[PDB]
Structures are given as structure tokens and as C-alpha cells.
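Enquirer: Let me give you the structure first, and then I'll get to my questions.
Derivation of every value follows stated rules applied to the coordinates shown; laboratory data play no part. Every residue, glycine among them, receives a Cβ derived from its backbone with ideal geometry; neighbour counts consider all protein chains shown.
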Amino acid sequence: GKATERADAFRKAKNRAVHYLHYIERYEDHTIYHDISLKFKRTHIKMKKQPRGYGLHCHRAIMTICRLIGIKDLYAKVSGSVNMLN
Amino acid sequence: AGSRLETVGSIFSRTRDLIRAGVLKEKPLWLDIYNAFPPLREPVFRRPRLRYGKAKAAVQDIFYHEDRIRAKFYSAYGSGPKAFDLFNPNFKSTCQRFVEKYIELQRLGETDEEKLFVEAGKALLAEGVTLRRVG
Amino acid sequence: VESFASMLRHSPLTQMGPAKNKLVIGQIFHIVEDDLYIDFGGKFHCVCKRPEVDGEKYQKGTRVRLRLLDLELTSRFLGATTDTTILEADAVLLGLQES
Amino acid sequence: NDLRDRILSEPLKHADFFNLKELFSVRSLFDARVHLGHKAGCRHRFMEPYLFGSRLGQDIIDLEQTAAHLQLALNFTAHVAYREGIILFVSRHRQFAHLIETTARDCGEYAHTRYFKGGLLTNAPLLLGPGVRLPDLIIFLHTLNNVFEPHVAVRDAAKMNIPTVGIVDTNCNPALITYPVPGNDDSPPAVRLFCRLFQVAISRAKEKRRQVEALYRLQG
Amino acid sequence: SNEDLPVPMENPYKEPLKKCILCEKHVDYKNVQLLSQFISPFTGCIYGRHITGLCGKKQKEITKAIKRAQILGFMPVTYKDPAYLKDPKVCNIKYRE
RNA sequence: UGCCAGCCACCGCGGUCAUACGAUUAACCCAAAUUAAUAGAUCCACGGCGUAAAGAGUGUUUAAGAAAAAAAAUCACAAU
Ligand SMILES: [Mg+2]
Ligand SMILES: [Mg+2]
Ligand SMILES: [Mg+2]
Ligand SMILES: [Mg+2]
Ligand SMILES: [Mg+2]
Ligand SMILES: [Mg+2]
Ligand SMILES: [Mg+2]
Ligand SMILES: [Mg+2]
Ligand SMILES: [Mg+2]
Ligand SMILES: [Zn+2]
């Protein structure tokens, strides 16, 4: 979201975010299902599926998004461009 | 609220999953109707890539032996005297007559093209159709 | 019951073959001043100009005789991915339904 | 309240419940020219599994599949009308504009045949009003707009979680359409046939609703 | 077991291919008439394809022939030989309007 | 104090309303240690080469490799 004022942009981005929602399947409601590797544009995300006791070892942004999804155990390395949106 | 991503999956996928997560607390009508009688294909998004290299399509061209005859008929006599009615479902043209005559003289065992052709022309002249031909 | 193949094989459009220079019967379903919009029954209507000889004999519902050139007027042009449909057919208006 | 759940649950247990099977046939369709597509140069890539073949440059739509699809499409459309929900007829074609507006008026259904305003489905509350209901099904008699691009309302009904029935010609894109029926949208008998078909499915649905309602009121 | 299904034959209706006026003729440097048909009367220039309307093969052939006949002393370069002025005009150009 | 005096690992700070200099108040964080300087440990490419560093002006053979399943050498036009 984008505005002249910071507050406004915050609001816009919240309310707009509700509209685009994904369902993310969770194996046993903590990890993901299987190992993922993806190259999106110039970014490389590589995510490995952990056992129960191993909490969220990840780029901080990914840890955030994960706490919001409900994924409690993961490992993810990002390489190439770390640009946030991408 | 909803899921405005068109590209993610089918409307059914997104809706069902959104309900499943407890986000959408009211089930729409068209959901149950869909559940009862699903479409043939999942209406998922797909991108129309252009085709490259050697790859072509699988579409078959439509041809029958009757055509192989109609070609000769049109080469000699052109389009028939009766014009065409594409409104009439059961309409048979001059060429179609010629086709059936040729098919019937083929069942008599004549393997020569000239015999079959000229004698189907005579078998048509017998019924009273005029073939003016072309130069 | 009739298989779709069976119907297609014997239909009047299948019998015609190539649509070039074909004598066809068609009907006028619409009119603008000099323009006669003519459904000859294939897919698209064609559009012919009202001749000078017996001009008023051509009305909505009238039947006429055509020489079919093209079923659908279409061509591909420089730098395009697909062809360009004019959404018409190409014909010559000869005379009207001598009967 | 339990018997209202009965009146909603009952029709889903029969395949033919409004008996629409008898409204058309392969021959019926064939005589409406429905099997006829555009030139092969204009073919859309996703349309090939729906093609019986190409006869001398013209694309012939397989009417077996057309019937198989149209069955399900009409089935859905009637079930929607039965459950009391909004049906919108969308086409941007100026020949059949009047015909379609007429058709929808006569089914007691709504029609947008005009220029589609940009935020219409996406931003409803501003364009239409303070709070609104949106069509529970949208029917496309023409999936294209007069510049030959896909009608926006396809992408935006997808976006909105609305199911979509449409007649997808040889050059149209079926992908984002929920119940596509492959067939001819250009020639008048085809458009008229489909207009009529959907009209009848709607009318039958609404009637059966009325009658099963009367039966429900006499039950107690 | 359906006999109404289409047959994978090549196109029977397919027309013959159109032909250069000279398709299977022989262009000879020795005959100045046929050559000077393709020359501009006033200039002596050689007309291109868009004018003469030939297969590439025959446009080439006519050209090479013309050049050869010109240097061997059979045909004049700077004008069409007056004698051949009233021969059939096969070219698509219109000077006088 | 006023682009002075000074500060900084990198961005940078100081021109009269300096949370960046100097001192005071408060706080933070390590702790018998705390900072600075210097060496290490770690760290480059199983990535790339149209526009960013990068396909070497051209062809042939040697060395050295690959052969991993199916075939081929060859005809209008301005090579030398
Ligand atoms: Mg169309
Ligand atoms: Mg200091
Ligand atoms: Mg101060
Ligand atoms: Mg500092
Ligand atoms: Mg200080
Ligand atoms: Mg690097
Ligand atoms: Mg470079
Ligand atoms: Mg080079
Ligand atoms: Mg150099
Ligand atoms: Zn030639």
C-alpha cells in the first residue's frame, strides 16, 4: 500500500491484504509437507522440512510470515537478491 | 473477506480452502451446487504460451473419399446448376448425386477412373440433370 | 441415434467443399440504405450493395443468388500472433432467386 | 427451518431434477450451426481439445463434447435459479444485444450488454451503492469484447469468487470459465438457441421452486 | 467401428501452383526481342519482380541474359530498340496517365 | 561550541534549537575486566559470459575428451 502519509499507507495495506489470502497446507500443523526450492525472479528460496522440536530457522521476514501462517518448524535459506517483495 | 487471486487456483479451490481455514464463515449457494455436479475440467488459471520450434498442433484435417471424387467433379463441371441451400438440412446437391452414382458404379467392380466418371455422368444425364462442364 | 460424425459428413456445407466461386442461395435479414445484410447460412452474414436494376425488389425476407468467394474474410498481418477476423463473409450478389 | 433445509437438499440428489435432457440434442445443436468455428489461423491454443477437426481451414467444434458440457451448464444454471440467486447475462456484441436484454428481462434475470464499467464487480459498493448483492452466476454469450480481447468480467468474476457459464467460440479462452460450453457465438440461430435454452432452464427452475414451496406449505 | 470418421488423405481440392510467364521456357541471350520486353523503353533499365512478375529463377535468368546480350553487342543498353516497341506489353508499369 | 573545536567500523555529524563534537543528567551493555590496534578463524564460482566482468577476428589438426537411442555426405544465383 502507498500514500503520502505513513498512517494512511498502513491502513491501505492492511485492508488490501485481507483480500488476497492463501491457504497454506500444513503437515501435522507445524511444518510444511516436503522440501521446497524455488527461484522467483532473481531470488532463490530453499526450504527444508524439520521435525517437531526444531523452531523456525529462517530469514527474519520468513519467520514473521511463518508465525502468521502457523508454521512452527522450518529451515529456509535465501540466496541471490534479498529484495523484500520478491 | 475473500481471495482475489485469479491465478492461484480454481474459484472452488480458494473458496473451499477459505471456509476450511475459518475465514469465510458463510458457505455460498453455488458451492453446494458445484459439489453436486462438478464441471469437466477444473477452471484453474493457465497462461497461453506461443508454440516454438518443431512443435505444431494436434488438430486433424477433415477429409472423406467422397471429397476425392468431388474434386474431379468440380474440376470438370465446376459448381452444379442447382446452386446451394445451406438452410435445407437434407439438401443433396448435383455433386452429391454424382458421388452416389460413382459409389454405385464402384460396387459393380469397375477400377478404371474414366469408366466410373463418364458412366456416372451418363447415369446423371439419365435423371435429367444438365452438365454443361467447363473448357 | 445419429453420431455427430455421421451428421457432419453428409451436411450441405461438407458437400460444397471449397467455398470459392460457389453458387449459393441466401436471405436478406437486414437493410441499411444501400447495404443488404445477407445470411447465406454458412456462419457469418455477407454484405452486398443494392443493385440499380430492380432496386426496390430487395427487402427484408427476400431471397437471392450469390457467388461465394470466401466463407470468412481473414488474414494475418505484420507482427501479429493471430489472424484478423472481419466477422463477415465475401460474396458477389448476382440476382434474386429466379423462380 | 428443517424443512427449508429439506427444500434445498432434495434437488441435489437427482441428476436430471428439472428434466432438461429433452430441451436439445446433438441434431438440435447441429441445425443451429453451433459446430462451426473460425479459421484455423484464428484458433486459440486452449480450444484444440474441443475441436473435432479442421475442414478446409474452418474449425469444426466437436458437438459431442458441446452437448456433454451444455448439459452440465444448464443443470448448474437451473440449480442456481432454484435456490433464488442472481443471474447476469453478459455479452458485449452489438447484434444480439437487444435479444439478450429481452431474454434476461423475460427470465426475470439481469443483463449487462453495454460498456462494462471498470470497477463494476471488484468495487461494487462505490459503483452500485452502499451495500449490494452480487450475481451468484454470470452467463457469457460472448466471451470477448468488440476489440477481441477477453471480457473483463471474466477475470473479475473469477476474482470475486463467482462461478461462470459461457459460450466459448473457437478463438475464445476457456481457462477462467467455470462451465464453458464450446460452440458458435457468431451466427444468429446459435445465439438464439442458447438464449432460449438458458431462458427455459431458468423458468423451469423458478416454477419447480414455486410448486415445491406450495407442497411445503400444504405439508403443515 | 465408426465408418463416418475422416480419412487422413492429402488435400484433393488443392489448386495447381501459379507460374512465371516463362515456367519451363528457355531464355537465350541471342534473342533480343523476348529480353527487350522486360526493359523500360525510355531508359533501358531492367524491370524488377514487382513489375515483370517472374519466379526468382527467371528474373535472374532474364537479367544475366540481358547483361550478356548487351556487352556481346546484340542489344542496346540506353534504350529499348525501336523495332521492338510495338511488341506485346507483358509488364505492369504505366508511364502515361 | 557555531563547517570552529572536534567525531566516525560503514552511512555520515558540526554553518546558532547538535539525542552524532565537549561536559552534565539519565539510560544501555559487558564486568575484574572493558575498549582500541593487529593478526587469525570464517568468507569467492558446481556461479556466470546479448545490454552489466566475461564467446577470445577466422578455419584445420595435435594433445585430450565425447561418442551415450534414430538417420545424413551433393546441385538456379554475387566464393577464390
Ligand atoms: Mg467468435
Ligand atoms: Mg566519541
Ligand atoms: Mg546547543
Ligand atoms: Mg553513534
Ligand atoms: Mg557527546
Ligand atoms: Mg560473483
Ligand atoms: Mg561486455
Ligand atoms: Mg564471434
Ligand atoms: Mg580484438
Ligand atoms: Zn517459373
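Enquirer: What are the residues whose amide H is under 5 Å from the amide H of A:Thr31, where those residues sit 5 or more places off or on another chain and H is modelled from the backbone?
Expert: For A:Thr31, whose amide H was placed from the backbone, the distant partners under 5 Å are A:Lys72, A:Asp73.
Enquirer: For D:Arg55, what residues show an amide H to amide H distance below 5 Å, using hydrogens built from the backbone and excluding near sequence neighbours?
Expert: The answer is B:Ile62, D:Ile60.
Enquirer: Quick one: go through segment C:1-39 and flag any residue whose amide nitrogen is under 12 Å from the point 7 Å out along the Cα-to-Cβ line of C:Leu94.
Expert: C:21-26
Enquirer: Quick one: order A:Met63, C:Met7 by neighbouring beta-carbon count within 10 Å, fewest to most.
Expert: The most exposed by this proxy come first: A:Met63, C:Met7.
Enquirer: C:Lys57 to D:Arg192: FRET efficiency via 1/(1 + (r/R0)^6), r the Cβ-Cβ distance, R0 35 Å, to the nearest 0.05?
Expert: Rounded to the nearest 0.05, the efficiency is 0.80.
Enquirer: Apply the Karplus curve 6.51 cos²θ - 1.76 cosθ + 1.60, θ = phi - 60°, to the phi angles in segment C:89-99 and return the couplings in whole Hz, x for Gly and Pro.
Expert: My calculation for segment C:89-99 gives 10, 9, 9, 10, 7, 8, x, 10, 6, 4, 8 Hz in order.
Enquirer: Using all C-alpha to C-alpha distances in chain C, build P(r) with 10 Å bins and read off the rounded percent in each one.
Expert: 14, 39, 28, 15, 3
Enquirer: Sticking with this structure for a sec: Give me D:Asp169, D:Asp156, C:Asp54 ranked fewest to most by other Cβ atoms within 10 Å of their Cβ, as a rough exposure proxy.
Expert: Ranked by crowding around the Cβ, least crowded first: C:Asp54, D:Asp156, D:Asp169.
Enquirer: For segment D:71-133, what does the alpha-carbon gyration tensor say about shape, rounded, prolate or oblate, given a ≥ b ≥ c as the root eigenvalues, a/c under 1.5 as rounded, and a/b over b/c as prolate?
Expert: oblate
Enquirer: Can you give the Kirkwood hydrodynamic radius of the protein assembly as shown from its Cα pairs, in Å with one decimal?
Expert: 30.6
Enquirer: Using a 10 Å cut-off around each Cβ, can you sort C:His30, D:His142, D:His98 from fewest to most neighbouring Cβ atoms?
Expert: Listing C:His30, D:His142, D:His98 from fewest to most nearby Cβ atoms yields D:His98, C:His30, D:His142.
Enquirer: Going through segment B:14-46, which trypsin sites (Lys or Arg not before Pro) have at most 14 other Cβ atoms within 10 Å and a DSSP loop state?
Expert: B:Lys25, B:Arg46
Enquirer: Under 8 Å for C-alpha pairs, at least 6 residues apart: give me the relative contact order for chain E, rounded to a whole percent.
Expert: Once normalised by length, the contact order is 33 percent.
Enquirer: Classify segment D:152-211: rounded, prolate or oblate, from the alpha-carbon gyration tensor (a ≥ b ≥ c, eigenvalue square roots; a/c under 1.5 rounded; otherwise prolate if a/b is larger than b/c)?
Expert: Oblate is the answer for segment D:152-211, as a/c is 1.5 or above yet b/c matches or exceeds a/b.
Enquirer: While we're on this one: Does anything in segment C:40-72 have its amide N under 14 Å from the 7 Å Cα→Cβ label point of C:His30, and if so which residues?
Expert: C:40, C:44-48, C:60-61
Enquirer: Here's another thing I want to ask about it. Not counting the cut sites, what is the longest span of chain D without trypsin sites (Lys or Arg not before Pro) that DSSP labels loop and that have at most 14 other Cβ atoms within 10 Å?
Expert: It runs D:1-93.
Enquirer: Now a separate question. Given 25 °C and 0.890 mPa s, how large is the Stokes-Einstein diffusion coefficient of chain D in µm²/s, with Rh as the Kirkwood radius over Cα pairs?
Expert: 135
Enquirer: Also, quick follow-up: On a C-alpha basis, how far is the centre of segment B:56-135 from the centre of segment D:1-59 in Å? Whole number, if you could?
Expert: Answer, in whole Å: 35.
Enquirer: Before rounding to the nearest 500, sum -39500 (n - 2.57) across all DSSP H runs of length at least 4 in chain E and divide by the residue total; then give [θ] at 222 nm in deg cm²/dmol.
Expert: -7500 deg cm²/dmol
Enquirer: Next question. Take the Cα radius of gyration of chain A and divide it by 2.2 N^0.38 Å, with N its residue count; two decimals is plenty.
Expert: 1.25
Enquirer: Please get the size of the charge dipole for chain A, origin at its Cα centre, with Cβ charges of +1 on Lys and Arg and -1 on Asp and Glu, quoted in debye to the nearest 20.
Expert: Once rounded to the nearest 20, the dipole reads 340 debye.
Enquirer: Relative to the compact globular guide of 2.2 N^0.38 Å, what is the alpha carbon radius of gyration of chain E, as a ratio?
Expert: Rg over 2.2 N^0.38 Å, computed on Cα atoms: 1.62.
Enquirer: In debye to the nearest 20, how big a dipole does the protein assembly as shown give about its Cα centre with +1 on each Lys and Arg Cβ and -1 on each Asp and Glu Cβ?
Expert: 2920
Enquirer: Tally the DSSP beta bridges in the protein assembly as shown and give the antiparallel ones as a percent, rounded to 5.
Expert: Roughly 70 percent of the beta bridges in the protein assembly as shown run antiparallel, per DSSP.
Enquirer: Let me check I've understood the local charge: for C:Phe4, count other residues with C-beta under 10 angstrom from its C-beta, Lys and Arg +1, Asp and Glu -1. What total comes out?
Expert: -2
Enquirer: Identify the chymotrypsin sites (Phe, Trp or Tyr not before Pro) of segment A:6-86 meeting these criteria: DSSP loop state and at most 11 other C-beta atoms within 10 Å of the C-beta.
Expert: A:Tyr33
Enquirer: Sort the following peptides by mean Cβ neighbour count (other Cβ atoms within 10 Å, averaged over residues), highest first: E:84-92, D:60-68.
Expert: D:60-68, E:84-92
Enquirer: Within a Cβ distance under 10 Å of C:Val24, other residues only, what is the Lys/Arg minus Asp/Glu net charge?
Expert: Result for the local shell: +2.
Enquirer: 7 Å from Cα along Cα→Cβ at both E:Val90 and D:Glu207: what's the point-to-point distance in nm?
Expert: Between E:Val90 and D:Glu207, the simple spin-label model gives 7.5 nm.
Enquirer: Counting other C-beta atoms within 10 Å, and keeping those with at most 15, which DSSP coil GluC sites (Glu not before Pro) do you find in segment C:1-75?
Expert: C:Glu2, C:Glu33, C:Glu52
Enquirer: Using the Karplus equation 6.51 cos²θ - 1.76 cosθ + 1.60 (θ = phi - 60°), what ³J(HN,Hα) coupling, rounded to whole Hz, does each residue of segment C:6-14 give in order, writing x for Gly and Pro?
Expert: Using θ = phi - 60°, the values come out as 4, 5, 4, 3, 9, 5, x, 6, 5 Hz.
Enquirer: Pull out the extension gain between B:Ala76 and B:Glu104, defined as 0.36 nm times the separation in residues minus the alpha carbon to alpha carbon distance; nm, one decimal.
Expert: 8.1 nm
Enquirer: Can you tell me which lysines have their Cα less than 25 Å from the Cα of E:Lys18? Leave out same-chain residues fewer than eight positions away.
Expert: List returned: B:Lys72, C:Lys20, C:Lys22, D:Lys39, E:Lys57, E:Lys58, E:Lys60, E:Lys64, E:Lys89, E:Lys94.
Enquirer: Take the Cβ-Cβ distance between C:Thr84 and B:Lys56 as r, set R0 to 22 Å, and report the resulting FRET efficiency rounded to the nearest 0.05.
Expert: 0.55
Enquirer: Determine the alpha carbon to alpha carbon distance for each of B:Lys101/E:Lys19; B:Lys82/E:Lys14; A:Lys48/B:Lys56 and list only those over 30 Å.
Expert: Exceeds cut-off: B:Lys101/E:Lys19; A:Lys48/B:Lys56.
Enquirer: Under a point-charge model restricted to the Cβ atoms of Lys and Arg (+1) and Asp and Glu (-1), what is the dipole moment magnitude of chain B relative to its Cα centre, in debye to the nearest 20?
Expert: 860
Enquirer: Along segment E:39-53, what does the Karplus equation 6.51 cos²θ - 1.76 cosθ + 1.60 (θ = phi - 60°) give for ³J(HN,Hα), rounded to whole Hz, x for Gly and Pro?
Expert: Each residue's phi maps through the Karplus curve to give 9, 4, x, 7, 10, x, 5, 9, 6, x, 3, 4, 9, 5, x Hz.
Enquirer: In nm, to one decimal, how far is the modelled label at E:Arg49 from the one at B:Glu113, with both set 7 Å along Cα→Cβ?
Expert: With each label point 7 Å from Cα toward Cβ, the separation is 3.3 nm.
Enquirer: Shifting gears a bit: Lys and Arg at +1, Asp and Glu at -1: add these up for the other residues within a Cβ distance under 15 Å of E:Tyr13 and post the number.
Expert: +1
Enquirer: On a straight-distance basis, which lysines could pair with A:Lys14 in a cross-link, Cα separation under 27 angstrom, same-chain partners fewer than 8 positions away excluded?
Expert: Candidates past the 8-residue exclusion: A:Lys2, A:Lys41, A:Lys72, B:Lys25, B:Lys27, D:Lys117, D:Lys159.
Enquirer: Starting from the Cα of D:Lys208, draw a straight line to each of the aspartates and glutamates and keep only those under 14 Å, dropping any in the same chain fewer than 8 residues away.
Expert: D:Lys208 reaches D:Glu10, D:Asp16, D:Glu84.
Enquirer: Still on this model: Kindly work out what percent of the DSSP beta bridges joining two residues of chain D are antiparallel, to the nearest 5.
Expert: Percent antiparallel among DSSP bridges in chain D is about 35.
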